[PDB]
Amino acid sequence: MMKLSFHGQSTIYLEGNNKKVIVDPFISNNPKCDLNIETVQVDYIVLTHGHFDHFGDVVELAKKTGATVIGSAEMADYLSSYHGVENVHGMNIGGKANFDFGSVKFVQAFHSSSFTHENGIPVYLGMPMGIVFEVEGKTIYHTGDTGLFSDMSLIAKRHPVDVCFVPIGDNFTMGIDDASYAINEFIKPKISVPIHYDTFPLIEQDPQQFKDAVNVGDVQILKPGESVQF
């Protein structure tokens, strides 16, 4: 069974052909994240966007493991030239790349992508994105941080989805209503997993309300550390 686990906020982990992939590795500064910077093994890191709660420990993790960081062209240049990360792969929206683990395709999201420096100036890191993985015959749609958009149904029709990770926190993303609508109306995956809630007071939600509002496929409310059952 394909290995795919949730680890708090928008952090997911998966294996394809014995290669380890993490998304949005907010580990050391998320007390609800079950992962440890010291012990996690990865060959690749994929970033949906540059916000602190996704960017997280990418620099320290990339350096320690020698993992390749996949993201926007701006993100790749930033990690490379500002942070000195040796192994980066720049991409953009609609772009697909084949790696030894499987494929990464970046899709559109509605949000922002920046990392705020000490002077208070946000450093722009491209348009925010979602990820479509094809790994061991499974199609995984991580929506990233996003508002509701009708082209979610274009992404899902062109890439029928096994597992969708969808933010339900509200304030900074879709809340319960928009995220359930996204699943019911546009994505219709076999498995839905809600993400990006409870990490901060502002995004505390009852994921049961999400599960009650979803009428299509299976909803799996994964706590940090738990894996998707296929």
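The numbering used is simple: start at 1 and walk along the sequence shown.
Undergrad: Compare the mean C-alpha B-factor of 35 to 43 with that of 192 to 200 as given in the PDB entry, and name the stretch with the higher value.
TA: Per the PDB record, 35 to 43.
Undergrad: Please compare 96 to 104 with 138 to 146 and name the stretch with the higher mean C-alpha B-factor in the deposited structure.
TA: Taking the mean C-alpha B-factor of 96 to 104 and of 138 to 146, the larger value falls to 96 to 104.
Undergrad: When the modelled residues of the chain are sorted by Cα temperature factor, does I187 land in the lowest, middle or highest third?
TA: Bottom third by C-alpha B-factor.
Undergrad: Using only modelled residues of the chain, where does the Cα B factor of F165 rank: lowest third, middle third or highest third?
TA: Its C-alpha B-factor belongs to the lowest third of this chain's values.
Undergrad: Would you check the entry's CA temperature factor for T68 and let me know if it's in the chain's lowest, middle or highest third?
TA: For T68, whose C-alpha B-factor we compare with every modelled residue in the chain, the answer is the middle third.
Undergrad: In terms of the chain's CA B-factor thirds, is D77 lowest, middle or highest?
TA: For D77, the deposited C-alpha B-factor lands in the middle third.
Undergrad: Which third of the chain holds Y181 when residues are ordered by C-alpha B factor: lowest, middle or highest?
TA: Answer is lowest: the recorded C-alpha B-factor places it there.
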